[PDB]
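Next up: the same protein chain in two forms, each one alone, written as structure tokens (structure 1, then structure 2).
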Structure 1
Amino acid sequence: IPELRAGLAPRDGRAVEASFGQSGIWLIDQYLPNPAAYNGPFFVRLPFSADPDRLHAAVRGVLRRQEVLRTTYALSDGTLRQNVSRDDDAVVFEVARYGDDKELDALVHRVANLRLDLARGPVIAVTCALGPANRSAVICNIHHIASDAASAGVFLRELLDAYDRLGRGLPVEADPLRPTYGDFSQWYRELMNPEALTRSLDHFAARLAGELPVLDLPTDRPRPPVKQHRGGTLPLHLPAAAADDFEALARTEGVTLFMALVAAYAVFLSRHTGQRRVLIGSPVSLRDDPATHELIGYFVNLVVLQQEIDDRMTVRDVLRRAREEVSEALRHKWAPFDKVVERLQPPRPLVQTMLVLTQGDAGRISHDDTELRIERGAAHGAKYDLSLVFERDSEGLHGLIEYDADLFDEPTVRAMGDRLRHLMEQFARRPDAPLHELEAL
């Protein structure tokens, strides 16, 4: 797998083609809300009161060092292109006040519900929120065509570094040795040469051949003709003990934590739908190369995982079947989801639910000897029926549910969450047990 190098894309001024991910995203954009909350608008509470003018000047420094934040999109002869502008002030900005968490959440909602223009920009909004005493907060919305979950950490590190440099009178400018998102976009297209792309597509086309199941969850309402794009969230409240045991199960059985969650979630879905086969989408990070680790952009590909469940399999059986499914999918993870879709020709996609695992250390930023936390807003467009979003660090494993309120009332979701965390507790307690001997509630 070749290394990403700066200058791969023409540094002459010619506009680079959008990456596989940007192209799929641009196609669907209808000025909807952010599809998901885990990778959406965010904020960080500061243990000082930030100066608004210098914070704004720090933001312009971040735009200079982060080329995707100055990028708009347009078709040029049948090809979508990334048009980079020199204007480091293309940000939707405001200074506002709050006195408590409710007032802060009101400011977050305003930022989170912007519907940014991809043709003209800006693609980023920032609010400098002034709190009581020595408190303040930065609120940020980056359009998902220009970001992913990890981008939030990148943005805040760049912003706090620029803030501090500008305070010391130092300059804040682009790193010419760092690759851009345009370089990564070209690198991705070179990686997916025609033979390598057919090979990876061929894999998923074989795995997902035939009549695929459509997730059949019990709902409070039928799917409406008009989607209203109204997402809810609900924390799992997975007990710390059960969470620690679930992590212990994973390593004891030789599976990653993610493989374990995928298996338990598949069992949960199989029970609730009465369906043997379940499909779970997962957004896999493409940040393998460390040259991507300080770049804002869409460094993700959605990968489809298929599992077959029945209640005579044991916990250990499903863990090991998830290990094989995840292993092969990750081996072909560079297959762009939208080309997988095009190759499969479903009845117009593939997946109606998603599972995500983040390392909680990506939501932790050190600044001036203190630790800061990246917090997500709760509002989203409910792209899927429901998405399980897990985060694990040394301090423990925890999760939340993002759900489509067009289908579910919140107590239904709380009941689902209640069964899922119970199941996960039984998984760790009885790896040898057949699933039918794991009793409900």
Structure 2
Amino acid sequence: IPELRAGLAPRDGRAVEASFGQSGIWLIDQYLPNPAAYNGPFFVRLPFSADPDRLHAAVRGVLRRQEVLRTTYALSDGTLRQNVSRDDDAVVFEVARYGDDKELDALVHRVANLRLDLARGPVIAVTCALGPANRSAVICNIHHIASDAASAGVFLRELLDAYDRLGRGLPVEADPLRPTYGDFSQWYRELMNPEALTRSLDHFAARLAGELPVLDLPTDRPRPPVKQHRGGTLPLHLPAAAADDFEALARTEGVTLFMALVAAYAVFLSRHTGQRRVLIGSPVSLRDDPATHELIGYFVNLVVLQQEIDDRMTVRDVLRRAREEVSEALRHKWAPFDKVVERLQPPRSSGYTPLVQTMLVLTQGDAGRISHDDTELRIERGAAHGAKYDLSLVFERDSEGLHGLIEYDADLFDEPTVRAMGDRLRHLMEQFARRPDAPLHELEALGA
């Protein structure tokens, strides 16, 4: 994997082709809601009362430092291009007030429900929310084509740095030595040369050959002819003790926390659906190179994980099988998801996604929190989304430990059905940590 370098893309004004990820997203763009919440609009509670004029000036400084925020998109001769403008004020901005969490969440909903224009911009919105004494919040929506979950922490770190510099009368300008998203886009095209691309597409095409299962969860409603894009969320409420034993389980069995979550979720899906084979999508970060860690952009590729489950496997068996599947997938993680779909030529339907109908995410680092000025600031996500998937399981591990959230499609589910699912999943995860040797058929269902 070659290092990413600044200037790989022409610095002479010519528009770089959109990245593989961006191309996939632009082709989907209707005026639909954000497809998921975990990578969508976000806010941060600040322990001071931000000055609005200086905060707006700080935002302009972030636009100057983050070229993807100044990028719009257009087809030119059959190629989707990244057109970069010099307008550092291309942001949907407002100053508003809140006196309690309800009023703050109302401001969050207004930002979160914006439908930003990829051809004309802006591709970012920021609200400076002024709260009760010494409290304020920054609310932000960066279009999916221009961001990923980690971009939220990158944005806030850059914003707060700029706010502080401006306060001190210091300049806030682009770092010419940092690579751009345009540089990354060209680097990725060079990495996916014809041989390398064919090799990774060949891998998934073999792994995922034949008649793939379509997730068959019990639902409260049949899938409707007209999808309404109405996403819900519900906390998993995984006890802190079990969450800690689950992390210990992963460590002692020699798998990553993500591998163990994949395994537990696959057993949950297999039980609920009745299906032996289950497919789980996961958005894998492409920020391997430290040169990408301070950039806003779409540095993710969706991979498909296939698991087979039966009730004579042990907890340990399914952890080890998750380890093998995840290990092999991550080796081939640069093969763009939409090209995998194209190779597999799935039978696609309106409403249900290609290849995968559910996802599992583990939120880490800049997607969940930052430190600024020796203060830990949590990145909080809005709850509105378009329910691209039937269900998404979004996990995060903080100091109190690991916690989870279920993003779900309200076209299919009433909330008490999702609460029941979440109860069964957390129960399974607690059993995993207690009985790693047990055959799955000995892990009794909740309420037996």
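Residue 1 is the first residue of structure 1, and the numbers go on in sequence order from there. In this text, the rigid core denotes the largest set of C-alpha atoms whose superposition between the two forms falls within 1.5 Å.
When the two forms are overlaid on the rigid core, CA displacement between structure 1 and structure 2 of 2 Å or more is confined, within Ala362, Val92, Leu80, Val95, to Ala362.
Shown in the overlay between structure 1 and structure 2, fitted on the rigid core, is a CA shift at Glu395 of 2 Å or greater.
Superposing the rigid core and comparing between structure 1 and structure 2 gives a CA shift of 0.2 Å at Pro411.
Taking the core as the fixed frame between structure 1 and structure 2, we note the C-alpha of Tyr31 moving 1.1 angstrom.
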